[PDB]
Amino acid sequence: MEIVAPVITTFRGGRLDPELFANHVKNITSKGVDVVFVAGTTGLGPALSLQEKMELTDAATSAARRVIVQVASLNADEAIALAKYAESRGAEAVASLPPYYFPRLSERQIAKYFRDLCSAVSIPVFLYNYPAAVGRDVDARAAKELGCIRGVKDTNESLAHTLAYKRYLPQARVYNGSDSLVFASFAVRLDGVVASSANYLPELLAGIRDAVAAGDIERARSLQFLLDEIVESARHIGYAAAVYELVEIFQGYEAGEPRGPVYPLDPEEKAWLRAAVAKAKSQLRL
């Protein structure tokens, strides 16, 4: 079972900084991250231009052996274009959010989107389902009807919703994308987790996977609860920007910055976060 990092996109000076990125990718993959999921929500995908996602694809694929590239764009030609680019850079799969933002697109329009994506590449296409962000759900039944989905990341608090894809798509690789379900996802044997904490605490996640494999549910759960406390703190000051600061706190290197409207934490917010997670990081030392 895999630990997939939806890796952060590391800006410095308003532009992407590969190498902050690559040092980061190399760090986390050396600490239990199996797969790198680039241009995910944690990596600000919807906020990146096509060309930024191309740079990220190049940086991820040269820094890691297993890469999935998230390709959604509200211009579908760019999603197709990027899919092909990622495939040519050796990505093992591409993923896409359903068309987001626009309320009540039709089923036919969602279906054409994913079907054009499947036609464009030979590597597997994953559905990246994220109803809270996307404003729509593509559930297991709908994903099966698309007829080409070979993988799912379901960022969903409903573990049943995620398990349902293994039911309808017995051959698909199915992942839960929620940090609060990491323990549970290994326990029910999903194919893996895509968890944002894989950026700052991948060794905690591997700790959990190890515990679950050993049958040590008490340790798994307890490490989960620690992770939850950390997540909770970060949610409090704005989670997308806090991921970067947690990386620095936990991993000890410069992580770059997001870009607005996901503005970087200011120094007050960073000081606060650092204190907030110290209660629970002596409880750590992994």
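Just count from 1 along the sequence shown to find any residue number.
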Give the stretch, out of 47-55 and 213-221, with the larger mean C-alpha temperature factor in the deposited entry. 213-221
Would you determine, from the values in the PDB entry, which of 141-149 and 175-183 has the greater average C-alpha temperature factor? 141-149
Going by the deposited entry, which of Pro202, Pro103, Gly192, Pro98 has the highest CA temperature factor? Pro103
Checking the record values for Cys118, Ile208, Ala86, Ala133, which has the greatest CA B factor? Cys118
Sorting the chain's CA B-factors, does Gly252 end up in the lowest, middle or highest third? highest
Check where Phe126 lands among this chain's C-alpha B-factors and tell me if it's the lowest, middle or highest third. middle
Ranked C-alpha temperature factor of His161 among modelled chain residues, by third: lowest
Using only modelled residues of the chain, where does the Cα B factor of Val33 rank: lowest third, middle third or highest third? middle
Considering only modelled residues of the same chain, in which third does the CA B-factor of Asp154 rank: lowest, middle or highest? lowest
